[PDB]
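[1] Any chance you could fold what I've pasted below:
(6 chains, ligands or ions: 2)
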Amino acid sequence: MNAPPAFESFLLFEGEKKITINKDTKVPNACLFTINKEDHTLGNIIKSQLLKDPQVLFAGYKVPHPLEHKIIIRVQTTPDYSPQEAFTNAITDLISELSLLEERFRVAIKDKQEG
Amino acid sequence: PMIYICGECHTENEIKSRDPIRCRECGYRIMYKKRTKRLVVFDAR
Amino acid sequence: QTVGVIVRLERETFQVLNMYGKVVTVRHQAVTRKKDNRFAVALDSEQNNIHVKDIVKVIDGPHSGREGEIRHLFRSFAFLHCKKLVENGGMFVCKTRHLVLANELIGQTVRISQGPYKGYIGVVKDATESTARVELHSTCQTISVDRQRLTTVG
Amino acid sequence: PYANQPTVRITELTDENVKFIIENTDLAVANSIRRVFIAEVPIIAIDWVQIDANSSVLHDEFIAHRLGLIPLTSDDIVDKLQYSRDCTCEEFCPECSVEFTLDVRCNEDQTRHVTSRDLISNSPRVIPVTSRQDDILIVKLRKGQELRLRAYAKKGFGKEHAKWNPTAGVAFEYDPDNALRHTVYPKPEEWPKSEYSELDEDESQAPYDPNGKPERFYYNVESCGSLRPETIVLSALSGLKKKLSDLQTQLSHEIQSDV
Amino acid sequence: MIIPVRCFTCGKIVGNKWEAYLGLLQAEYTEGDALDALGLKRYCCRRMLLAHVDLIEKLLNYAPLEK
RNA sequence: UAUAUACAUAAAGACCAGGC
Ligand SMILES: [Zn+2]
Ligand SMILES: [Zn+2]
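    Numbering: from 1, shown residues only, chains lettered A, B, ... in the order given. Ligands and ions are numbered 1, 2, ... in the order given. The structure is reproduced below:
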């Protein structure tokens, strides 16, 4: 009777922003992103792309609680590199990876069939 | 008025309020309520 | 259609002051006890809000010049009490304008036509000015949906 | 500070199965791929079921349960259909859903099996999968019993309800002979070797590699029959890149709005 | 009651393999050879057909409400 | 036009079975 709807995990209702950016006062150049209606699929890709960036000192995510679906990503970069720039370059670098993987998987298919 | 199903010979008979319950062509006293007409719609979940 | 106030007790009957200002005799069982609305509000002759317990003056009609305490209110009628009035145990009735202060949807089967629940069939438990409560036939649960989403089926 | 460039080698390709080997990738990118093979590859599967007359020994929502789990041929038009929630029209149209019909009555004395072959679709494209190998069994009927119902199939994906998983078990393995030491065997000699092992029968484990990090991520992706296994993968990549292109958008609108 | 579609763990379809599996047993296969002909490699699926209990044959002995 | 349909009833006790 209290079971939440199945669709409630990936669907946003009125008023919920997808992303919420809040600066972090503990630290200089630290920012904390809040992603609604996402899980470890999306959060883990980005964290692991941020740690390749040598100008990123810290990156990590957590699901605060499993029953509510949101991600919280802290990022701390070096001075004169903004933590919002770090998080955008991460997303464009995956897109430039996954667009290279979808093209290389199509070539191996045609090679595989009758070849 | 109300169509009921005999629990023995399985013949729908029409029997109405303030009548003893006996199905014609058996004599069996247990009647069932058939099934509702209105729309039932389920999730396949 | 008619309400009144009991103003005398007899062994088999009451004397009742009706809402028109006449006193009638009725057997104890010929009248039913009515739930009093202690929170009733009405307008007086100067458009003031008046309430039960208020002291009002009568400025028109038969009791013009009298003063009384509002005991009961019903539609266009006020039953008042004044202890100086020996008639009818102090009770009398005045028009409020002669005074001055001194659902159809529920039960239907609807199909949710928009939003995340789109397609589910249900029956309305409660209807509101805004959001009806649909009782889902598919699962065990009741949900609140804007009434713009619902669509009645047959 | 930039994305690595992976490569793919397809080893086995059949109608039930795909084995590919992805190299030069993160552990986190290679995972999130197989983690999309389950959830987010869209598929067509029955959702709204309407039961007109059910005389079977199985109660209504027990049959409405088995119908959902039946796989439907999603090969193409999944791209064309719109989610029913985004679809503007009232109730169901040809654009957001497919209509199925099952009218079955047992006249004969013999016990009749209602099989998924009795689902009859308004469109030739999507049918039950076995119709494209015995047929899935919905219910059995004694003489006199009748089951007729109408069911609209929708588009959805595996996060909602498990009946939209395009795939059977998706295998994943990396570093089969253990160099990285992500798992530490108390006795290394008692463990069988992976199909992918490069080691002779003599030695148990590869020697420790301090600098290494996991690469060569071995998959096996076995379809349920809805989507041919080659296009379970193309739909996962194209469906992860669409969630990352939904972020860069709605992040850019916030950085521009906040500043 | 009746054999599940969709093996619980992995999600492969064992729904259609039951009536084909009774055929192999009456051909004097052993459940190990039967389940390999049906092509069920993992033991998550091999426990659906092997541990199944078919009551839909018992329940069809009783007569329906309607003739 | 105004005004109105406002909530109460299913007793209690006995034994029996189970839960932590
Ligand atoms: Zn009879
Ligand atoms: Zn299985």
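[2] Touching, residue B:26 and residue B:9? I think so.
    Yes: using Cβ atoms under 8 Å, residue B:26 is in contact with residue B:9, at 4.5 Å. For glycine as for every other residue, the C-beta is placed from the backbone atoms N, C-alpha and C.
[3] List the contacts of residue D:5.
    A:97, A:100, D:24 (Cβ atoms under 8 Å, 6 or more residues apart in numbering or on different chains).
[4] How about the second one, nearest residue that isn't a chain neighbour?
    So the one you mean is residue A:100. residue D:5 (5.9 Å; Cβ to Cβ, 6 or more residues apart in numbering or on different chains).
[5] Kindly report the same for the first one.
    Among residues not flanking residue A:97 along the chain, residue D:3 sits closest, at 3.9 Å (Cβ to Cβ, 6+ apart).
[6] burial of the one you found, as a residue count?
    Residue D:3 has 22 neighbours, counted by other Cβ atoms under 10 Å in any protein chain shown.
[7] who's in contact with stretch D:93-100?
    Counting by Cβ under 8 Å, 6+ apart, D:44, D:46, D:48, D:72, D:80-84, D:87, D:89, D:92, D:119-123, D:126, D:150-155 sit against stretch D:93-100.
[8] Off-centre distance for it?
    Here stretch D:93-100 is found 21 Å from its chain centre; the criterion is Cα atoms, centre = their mean, to the nearest Å.
[9] Sort out which residues of stretch D:46-53 are buried, please.
    Within stretch D:46-53, the residues that qualify as buried are D:46, D:47, D:48, D:49, D:51, counting by 16 or more other Cβ atoms under 10 Å in any protein chain shown.
[10] Out of the residues you listed, which sit inside strands?
    In this view, these that belong to strands under DSSP state E are D:46, D:47, D:48, D:49, D:51.
[11] show me the contacts for residue C:108.
    Shown in contact with residue C:108 (Cβ under 8 Å, 6+ apart): C:123, C:124, C:152.
[12] How about the second one: which residues does it bridge to?
    Beta-bridge pairing of residue C:124, defined through DSSP bridges, involves residue C:134.
[13] try the last one
    Here residue C:152 sits in beta bridges with residue C:110, going by DSSP bridges.
[14] so it touches residue C:112, yeah?
    No: with contact defined as Cβ under 8 Å, residue C:152 does not reach residue C:112; the gap is 11.3 Å.
[15] Those two: which is more packed in?
    residue C:112 (21 against 10).
[16] With adjacent residues omitted, what lies nearest to the residue positioned nearest the centre of chain E?
    The centre of chain E sits closest to residue E:18, judged by Cα atoms, centre = their mean, with a distance of 3.3 Å. Spatial nearest neighbour of residue E:18, excluding adjacent residues (Cβ to Cβ, 6+ apart): residue E:3 at 4.2 Å.
[17] burial count for the residue of chain A found nearest ligand 1?
    Ranked by Cβ to the ion, the top residue of chain A for proximity to ligand 1 is residue A:1, at 41.2 Å. A count of neighbours around residue A:1, defined by other Cβ under 10 Å, yields 6.
[18] Name the residues of the helix or strand harbouring residue D:255 that come out as buried.
    Per DSSP states H and E, residue D:255 falls inside helix D:230-258. Residues D:230-233, D:235-237, D:239-241, D:243-244, D:247-248, D:251, D:254 are the ones in helix D:230-258 that count as buried (16+ other Cβ under 10 Å).
[19] ok, the closest residue to residue A:29 other than its chain neighbours to residue A:31 distance?
    In this structure, residue A:29 finds its nearest non-sequential neighbour in residue A:77, 5.2 Å apart by Cβ to Cβ, 6+ apart. Relative to residue A:31, residue A:77 is positioned 8 Å away (Cβ to Cβ, to the nearest Å).
[20] any shared contact partners between the two?
    With Cβ under 8 Å, 6+ apart, residue A:77 and residue A:31 have common neighbours residue A:83.
[21] Comparing these two, which shows the higher neighbour count?
    Shown here are residue A:77 and residue A:31; by other Cβ under 10 Å, residue A:77 has more neighbours (23 against 19).
[22] most centrally placed residue in chain C?
    residue C:37 (6.6 Å).
[23] elements contacting the helix or strand residue C:8 falls within?
    Assessed by DSSP H and E, residue C:8 sits inside strand C:4-9. On a contact count with 3 or more Cβ pairs under 8 Å, 6 or more residues apart in numbering or on different chains; DSSP states H and E, strand C:4-9 meets strand C:13-18, strand C:91-95.
[24] got the angle for it vs strand C:91-95?
    Angle between the axes of strand C:4-9 and strand C:91-95 is 160 degrees (criterion: axes from the mean of the first three to the mean of the last three Cα atoms, to 10 degrees).
[25] Please identify the most buried of the helices and strands packed on strand C:4-9.
    Using mean count of other Cβ atoms under 10 Å in any protein chain shown, the stretch among those with the greatest mean number of neighbours is strand C:91-95 (a mean of 22).
[26] list the helices and strands it packs on?
    Judged by 3+ Cβ pairs under 8 Å, 6+ apart, the packing partners of strand C:91-95 are strand C:4-9, strand C:13-18, strand C:67-74, strand C:77-81.
[27] Which positions in chain C make contact with RNA strand F?
    Residues of chain C that fall close to RNA strand F, judged by Cβ under 7 Å from any atom of the strand: C:35, C:75, C:76.
[28] want to try CSV for these, with neighbour count and distance to residue D:182 as columns?
    Shown next, in CSV, are the residues of chain C next to RNA strand F (neighbours: other Cβ atoms under 10 Å in any protein chain shown; distance: Cβ to Cβ, whole Å):
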residue, neighbour count, distance to residue D:182
C:35, 5, 76
C:75, 10, 84
C:76, 10, 87
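[29] coming back round to it: didn't the residue nearest to residue A:97 look like it was pressed against residue A:101?
    No: taking contacts as Cβ under 8 Å, residue D:3 lies outside contact range of residue A:101: 10.0 Å.
[30] In the stretch 151-259 of chain D, which residue sits nearest chain C?
    Chain C sits closest to residue D:152 of the stretch 151-259 of chain D, with a gap of 8.0 Å, by Cβ to the nearest Cβ.
[31] Where does that residue sit: helix, strand or coil?
    Following DSSP: H, G, I helix; E, B strand; the rest coil, we place residue D:152 in the strand state.
[32] what residues are up against it?
    By Cβ under 8 Å, 6+ apart, the neighbours of residue D:152 are C:119, D:46, D:47, D:48, D:92, D:97, D:98, D:99, D:100.
[33] same deal with residue A:97?
    The neighbourhood of residue A:97, defined by Cβ under 8 Å, 6+ apart, consists of D:3, D:4, D:5, D:6, D:25, D:29.
[34] does it count as helix, strand or coil?
    helix.
[35] the helices in chain E, which residues?
    Here chain E has its helices, by DSSP state H, at E:18-25, E:31-37, E:43-50, E:56-59.
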